[PDB]
>>> print(open('target23.cif').read())   # mmCIF, N, CA and C atoms
data_coords
#
loop_
_atom_site.label_atom_id
_atom_site.label_comp_id
_atom_site.auth_asym_id
_atom_site.auth_seq_id
_atom_site.Cartn_x
_atom_site.Cartn_y
_atom_site.Cartn_z
N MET U 1283 -1.05 -12.31 -25.53
CA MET U 1283 -1.86 -12.03 -26.70
C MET U 1283 -1.73 -10.60 -27.19
N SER U 1284 -1.38 -9.67 -26.30
CA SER U 1284 -1.24 -8.28 -26.70
C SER U 1284 -0.19 -8.11 -27.78
N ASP U 1285 0.74 -9.06 -27.92
CA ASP U 1285 1.76 -9.02 -28.95
C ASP U 1285 1.51 -9.98 -30.09
N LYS U 1286 0.89 -11.13 -29.85
CA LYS U 1286 0.48 -11.97 -30.96
C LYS U 1286 -0.47 -11.21 -31.87
N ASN U 1287 -1.43 -10.50 -31.28
CA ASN U 1287 -2.36 -9.71 -32.08
C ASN U 1287 -1.63 -8.61 -32.84
N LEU U 1288 -0.68 -7.95 -32.18
CA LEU U 1288 0.05 -6.86 -32.82
C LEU U 1288 0.88 -7.36 -33.99
N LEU U 1289 1.56 -8.49 -33.82
CA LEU U 1289 2.38 -9.03 -34.90
C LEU U 1289 1.52 -9.50 -36.06
N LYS U 1290 0.40 -10.18 -35.78
CA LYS U 1290 -0.48 -10.60 -36.86
C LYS U 1290 -1.03 -9.39 -37.61
N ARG U 1291 -1.44 -8.36 -36.88
CA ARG U 1291 -1.97 -7.16 -37.51
C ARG U 1291 -0.92 -6.50 -38.40
N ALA U 1292 0.30 -6.34 -37.87
CA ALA U 1292 1.36 -5.69 -38.64
C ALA U 1292 1.74 -6.50 -39.87
N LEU U 1293 1.78 -7.83 -39.74
CA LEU U 1293 2.12 -8.65 -40.89
C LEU U 1293 1.03 -8.60 -41.95
N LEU U 1294 -0.23 -8.71 -41.54
CA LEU U 1294 -1.33 -8.60 -42.50
C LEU U 1294 -1.36 -7.23 -43.15
N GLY U 1295 -0.86 -6.21 -42.46
CA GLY U 1295 -0.83 -4.87 -43.02
C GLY U 1295 0.39 -4.57 -43.87
N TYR U 1296 1.45 -5.36 -43.74
CA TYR U 1296 2.62 -5.19 -44.59
C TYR U 1296 2.56 -6.12 -45.80
N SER U 1297 2.44 -7.43 -45.57
CA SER U 1297 2.08 -8.33 -46.65
C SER U 1297 0.62 -8.11 -47.02
N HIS U 1298 0.15 -8.86 -48.01
CA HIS U 1298 -1.21 -8.69 -48.51
C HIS U 1298 -1.44 -7.25 -48.92
N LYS U 1299 -2.23 -6.51 -48.14
CA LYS U 1299 -2.37 -5.08 -48.37
C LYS U 1299 -1.07 -4.39 -48.00
N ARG U 1300 -0.60 -3.49 -48.87
CA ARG U 1300 0.71 -2.88 -48.71
C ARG U 1300 0.57 -1.52 -48.05
N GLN U 1301 1.27 -1.34 -46.92
CA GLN U 1301 1.35 -0.07 -46.22
C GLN U 1301 2.81 0.20 -45.87
N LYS U 1302 3.24 1.46 -46.05
CA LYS U 1302 4.60 1.81 -45.69
C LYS U 1302 4.81 1.77 -44.18
N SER U 1303 3.75 1.98 -43.41
CA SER U 1303 3.79 1.72 -41.98
C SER U 1303 3.77 0.21 -41.78
N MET U 1304 3.63 -0.23 -40.53
CA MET U 1304 3.64 -1.64 -40.16
C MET U 1304 4.96 -2.32 -40.49
N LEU U 1305 5.94 -1.57 -40.99
CA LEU U 1305 7.31 -2.05 -41.09
C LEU U 1305 8.16 -1.61 -39.92
N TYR U 1306 7.81 -0.48 -39.30
CA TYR U 1306 8.42 -0.11 -38.03
C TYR U 1306 8.13 -1.16 -36.96
N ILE U 1307 6.89 -1.63 -36.90
CA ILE U 1307 6.53 -2.66 -35.92
C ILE U 1307 7.30 -3.94 -36.20
N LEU U 1308 7.39 -4.32 -37.47
CA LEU U 1308 8.18 -5.49 -37.82
C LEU U 1308 9.64 -5.28 -37.48
N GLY U 1309 10.13 -4.05 -37.62
CA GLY U 1309 11.49 -3.75 -37.22
C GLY U 1309 11.71 -3.92 -35.73
N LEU U 1310 10.75 -3.46 -34.93
CA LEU U 1310 10.84 -3.65 -33.48
C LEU U 1310 10.83 -5.13 -33.12
N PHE U 1311 9.96 -5.90 -33.77
CA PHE U 1311 9.89 -7.33 -33.48
C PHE U 1311 11.20 -8.03 -33.85
N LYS U 1312 11.76 -7.71 -35.01
CA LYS U 1312 13.04 -8.31 -35.38
C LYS U 1312 14.16 -7.84 -34.48
N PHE U 1313 14.10 -6.59 -34.00
CA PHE U 1313 15.10 -6.13 -33.04
C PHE U 1313 15.02 -6.93 -31.76
N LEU U 1314 13.81 -7.22 -31.29
CA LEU U 1314 13.65 -8.05 -30.11
C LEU U 1314 14.20 -9.45 -30.36
N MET U 1315 13.95 -10.01 -31.54
CA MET U 1315 14.53 -11.31 -31.86
C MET U 1315 16.05 -11.27 -31.82
N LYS U 1316 16.65 -10.21 -32.37
CA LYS U 1316 18.10 -10.11 -32.35
C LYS U 1316 18.63 -9.91 -30.93
N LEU U 1317 17.85 -9.24 -30.07
CA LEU U 1317 18.22 -9.16 -28.66
C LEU U 1317 18.21 -10.53 -28.02
N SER U 1318 17.21 -11.35 -28.34
CA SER U 1318 17.11 -12.66 -27.72
C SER U 1318 18.27 -13.57 -28.10
N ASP U 1319 18.81 -13.41 -29.30
CA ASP U 1319 19.85 -14.31 -29.80
C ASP U 1319 21.25 -13.92 -29.35
N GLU U 1320 21.40 -12.81 -28.61
CA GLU U 1320 22.71 -12.46 -28.09
C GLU U 1320 23.20 -13.49 -27.08
N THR U 1321 22.32 -13.93 -26.18
CA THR U 1321 22.65 -14.93 -25.18
C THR U 1321 21.81 -16.17 -25.43
N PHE U 1322 22.47 -17.31 -25.58
CA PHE U 1322 21.76 -18.57 -25.77
C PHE U 1322 21.02 -18.94 -24.50
N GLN U 1323 19.80 -19.44 -24.66
CA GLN U 1323 18.99 -19.87 -23.52
C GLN U 1323 18.03 -20.94 -24.00
N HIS U 1324 18.26 -22.18 -23.56
CA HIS U 1324 17.45 -23.29 -24.01
C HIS U 1324 16.06 -23.25 -23.38
N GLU U 1325 15.07 -23.70 -24.14
CA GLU U 1325 13.70 -23.82 -23.65
C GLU U 1325 13.08 -25.09 -24.20
N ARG U 1326 12.40 -25.84 -23.34
CA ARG U 1326 11.82 -27.12 -23.70
C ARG U 1326 10.50 -26.90 -24.45
N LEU U 1327 9.73 -27.97 -24.62
CA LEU U 1327 8.50 -27.89 -25.40
C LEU U 1327 7.50 -26.94 -24.78
N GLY U 1328 7.31 -27.01 -23.47
CA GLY U 1328 6.32 -26.16 -22.84
C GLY U 1328 6.71 -24.71 -22.70
N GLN U 1329 7.98 -24.38 -22.97
CA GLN U 1329 8.49 -23.04 -22.74
C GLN U 1329 9.04 -22.40 -24.02
N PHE U 1330 8.55 -22.81 -25.18
CA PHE U 1330 9.02 -22.23 -26.43
C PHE U 1330 8.64 -20.76 -26.50
N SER U 1331 9.64 -19.89 -26.61
CA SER U 1331 9.45 -18.45 -26.73
C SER U 1331 9.94 -18.01 -28.09
N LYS T 1235 -17.35 7.45 -54.61
CA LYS T 1235 -17.18 7.85 -56.01
C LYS T 1235 -15.89 8.63 -56.21
N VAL T 1236 -15.61 9.59 -55.33
CA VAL T 1236 -14.40 10.38 -55.52
C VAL T 1236 -13.16 9.53 -55.27
N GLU T 1237 -13.22 8.58 -54.33
CA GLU T 1237 -12.10 7.68 -54.11
C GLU T 1237 -11.85 6.80 -55.32
N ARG T 1238 -12.92 6.35 -55.98
CA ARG T 1238 -12.74 5.61 -57.23
C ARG T 1238 -12.10 6.48 -58.29
N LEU T 1239 -12.51 7.74 -58.37
CA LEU T 1239 -11.97 8.63 -59.40
C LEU T 1239 -10.48 8.85 -59.20
N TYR T 1240 -10.06 9.18 -57.99
CA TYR T 1240 -8.65 9.47 -57.74
C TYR T 1240 -7.85 8.27 -57.27
N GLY T 1241 -8.49 7.15 -57.00
CA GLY T 1241 -7.78 5.94 -56.60
C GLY T 1241 -7.08 6.01 -55.27
N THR T 1242 -7.72 6.57 -54.25
CA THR T 1242 -7.09 6.68 -52.93
C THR T 1242 -7.64 5.69 -51.92
N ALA T 1243 -8.62 4.87 -52.28
CA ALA T 1243 -9.09 3.85 -51.37
C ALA T 1243 -8.20 2.62 -51.47
N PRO T 1244 -8.16 1.79 -50.42
CA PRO T 1244 -7.23 0.65 -50.43
C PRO T 1244 -7.48 -0.27 -51.61
N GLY T 1245 -6.44 -0.46 -52.42
CA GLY T 1245 -6.55 -1.31 -53.59
C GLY T 1245 -6.02 -0.71 -54.87
N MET T 1246 -6.19 0.59 -55.07
CA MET T 1246 -5.68 1.24 -56.26
C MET T 1246 -4.43 2.05 -55.96
N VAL T 1247 -3.84 2.59 -57.02
CA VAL T 1247 -2.43 2.99 -56.99
C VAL T 1247 -2.20 4.12 -56.01
N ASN T 1248 -3.06 5.14 -56.02
CA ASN T 1248 -2.79 6.35 -55.26
C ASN T 1248 -3.08 6.19 -53.78
N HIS T 1249 -3.17 4.97 -53.28
CA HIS T 1249 -3.41 4.76 -51.86
C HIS T 1249 -2.20 5.19 -51.05
N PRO T 1250 -2.35 6.11 -50.11
CA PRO T 1250 -1.18 6.59 -49.35
C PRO T 1250 -0.52 5.54 -48.48
N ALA T 1251 -1.29 4.59 -47.94
CA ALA T 1251 -0.77 3.69 -46.92
C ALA T 1251 0.45 2.92 -47.41
N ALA T 1252 0.50 2.59 -48.70
CA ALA T 1252 1.68 1.94 -49.25
C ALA T 1252 2.86 2.88 -49.40
N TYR T 1253 2.66 4.19 -49.21
CA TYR T 1253 3.73 5.17 -49.39
C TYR T 1253 4.04 5.99 -48.15
N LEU T 1254 3.10 6.13 -47.22
CA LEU T 1254 3.32 6.87 -45.99
C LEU T 1254 3.30 5.91 -44.81
N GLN T 1255 4.18 6.16 -43.84
CA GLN T 1255 4.30 5.28 -42.68
C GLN T 1255 3.29 5.64 -41.60
N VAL T 1256 2.01 5.72 -41.97
CA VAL T 1256 0.96 6.04 -41.01
C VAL T 1256 -0.34 5.43 -41.53
N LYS T 1257 -1.32 5.29 -40.64
CA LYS T 1257 -2.59 4.69 -40.98
C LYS T 1257 -3.35 5.55 -41.98
N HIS T 1258 -4.35 4.95 -42.62
CA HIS T 1258 -5.20 5.69 -43.54
C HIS T 1258 -6.03 6.74 -42.79
N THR T 1259 -6.51 6.40 -41.60
CA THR T 1259 -7.30 7.34 -40.81
C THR T 1259 -6.46 8.52 -40.33
N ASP T 1260 -5.16 8.30 -40.12
CA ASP T 1260 -4.23 9.33 -39.67
C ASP T 1260 -3.47 9.97 -40.83
N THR T 1261 -4.10 10.11 -41.99
CA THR T 1261 -3.46 10.78 -43.10
C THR T 1261 -4.24 12.03 -43.48
N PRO T 1262 -3.56 13.15 -43.74
CA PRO T 1262 -4.28 14.37 -44.12
C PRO T 1262 -5.10 14.17 -45.38
N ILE T 1263 -6.30 14.76 -45.39
CA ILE T 1263 -7.17 14.65 -46.56
C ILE T 1263 -6.54 15.19 -47.83
N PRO T 1264 -5.77 16.29 -47.82
CA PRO T 1264 -5.14 16.73 -49.07
C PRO T 1264 -4.28 15.68 -49.73
N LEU T 1265 -3.60 14.84 -48.95
CA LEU T 1265 -2.92 13.68 -49.49
C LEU T 1265 -3.96 12.59 -49.72
N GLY T 1266 -3.53 11.37 -49.98
CA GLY T 1266 -4.51 10.30 -49.94
C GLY T 1266 -5.08 10.24 -48.54
N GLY T 1267 -6.33 10.66 -48.36
CA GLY T 1267 -6.90 10.74 -47.04
C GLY T 1267 -8.22 10.01 -46.97
N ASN T 1268 -8.57 9.58 -45.76
CA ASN T 1268 -9.85 8.95 -45.51
C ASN T 1268 -10.85 10.03 -45.12
N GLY T 1269 -11.74 10.37 -46.04
CA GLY T 1269 -12.73 11.40 -45.79
C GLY T 1269 -13.96 10.88 -45.09
N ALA T 1270 -13.85 9.68 -44.52
CA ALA T 1270 -14.95 9.05 -43.80
C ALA T 1270 -15.24 9.84 -42.53
N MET T 1271 -16.36 10.56 -42.53
CA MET T 1271 -16.82 11.31 -41.37
C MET T 1271 -18.33 11.16 -41.26
N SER T 1272 -18.84 11.34 -40.05
CA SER T 1272 -20.27 11.27 -39.85
C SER T 1272 -20.94 12.51 -40.43
N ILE T 1273 -22.23 12.37 -40.74
CA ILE T 1273 -22.97 13.51 -41.28
C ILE T 1273 -23.19 14.57 -40.22
N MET T 1274 -23.31 14.17 -38.95
CA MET T 1274 -23.51 15.16 -37.90
C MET T 1274 -22.26 16.00 -37.69
N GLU T 1275 -21.09 15.36 -37.69
CA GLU T 1275 -19.84 16.10 -37.66
C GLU T 1275 -19.70 16.98 -38.89
N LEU T 1276 -20.05 16.45 -40.06
CA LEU T 1276 -19.96 17.22 -41.29
C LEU T 1276 -20.92 18.40 -41.31
N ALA T 1277 -21.99 18.35 -40.53
CA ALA T 1277 -22.99 19.41 -40.54
C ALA T 1277 -22.71 20.46 -39.49
N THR T 1278 -22.30 20.05 -38.29
CA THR T 1278 -22.05 21.02 -37.23
C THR T 1278 -20.65 21.62 -37.35
N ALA T 1279 -19.62 20.79 -37.24
CA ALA T 1279 -18.25 21.30 -37.21
C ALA T 1279 -17.87 21.93 -38.55
N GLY T 1280 -17.89 21.15 -39.62
CA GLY T 1280 -17.53 21.67 -40.92
C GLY T 1280 -17.25 20.54 -41.89
N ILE T 1281 -16.45 20.85 -42.90
CA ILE T 1281 -16.09 19.87 -43.92
C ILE T 1281 -14.68 19.32 -43.73
N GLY T 1282 -13.73 20.13 -43.27
CA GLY T 1282 -12.36 19.69 -43.10
C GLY T 1282 -12.01 19.17 -41.73
#
>>> encode(input="target23.cif", output="structure tokens")
Amino acid sequence: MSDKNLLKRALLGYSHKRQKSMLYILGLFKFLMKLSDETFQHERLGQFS
Amino acid sequence: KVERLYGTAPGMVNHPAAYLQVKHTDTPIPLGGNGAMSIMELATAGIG
């Protein structure tokens, strides 16, 4: 939850109300996504990451 | 009232948060700043 809350906060702060900040956080999150996609790793229904 | 006059509260054009990569609370008052302070701080410490 420490990251679900952070992502929701950053998205609500970038979309809707506009702040030049909260795009660095989105950048970090997208960087993590791009890290995850370097190596394929299957996950079933209970393990969706 | 002063935020309405200069438009620095969230919603009008001169709001810094849409232009600076930092929170409203962490913005200098000379720029679009949040002047929200307690009266006790405003009375003992000062204005700035």
>>> closest_residue(input="target23.cif", among="U:1309, U:1331, U:1302, U:1326", to="residue 1252 in chain T", atoms="all atoms listed in the file")
U:1302
>>> interface_residues(input="target23.cif", of="chain T", to="chain U", cutoff="6 Å", atoms="all atoms listed in the file", output="list in words")
residues 1251, 1252, 1253, 1254, 1255 and 1256 of chain T
>>> select_by_dssp(input="target23.cif", residues="chain T", states="helix (DSSP H, G or I)", output="ChimeraX atom specification")
/T:1236-1240,1250-1252,1273-1278
>>> resolve_selection(input="target23.cif", expression="the PyMOL selection byres (((chain T and resi 1268-1278 and name CA) around 9) and name CA)", output="list in words")
residues 1237, 1242, 1243, 1258, 1259, 1260, 1261, 1262, 1263, 1266, 1267, 1279, 1280, 1281 and 1282 of chain T
>>> atom_distance(input="target23.cif", atom1="CA of residue 1321 in chain U", atom2="CA of residue 1293 in chain U")
26.6 Å
>>> atom_distance(input="target23.cif", atom1="CA of residue 1311 in chain U", atom2="CA of residue 1257 in chain T")
18.9 Å
>>> atom_distance(input="target23.cif", atom1="CA of residue 1247 in chain T", atom2="CA of residue 1298 in chain U")
14.5 Å
>>> axis_aligned_box(input="target23.cif", around="range 1312-1322 of chain U", padding_each_side="3 Å", output="JSON")
{"center_x": 17.5, "center_y": -12.5, "center_z": -29.9, "size_x": 17.4, "size_y": 18.8, "size_z": 16.9}
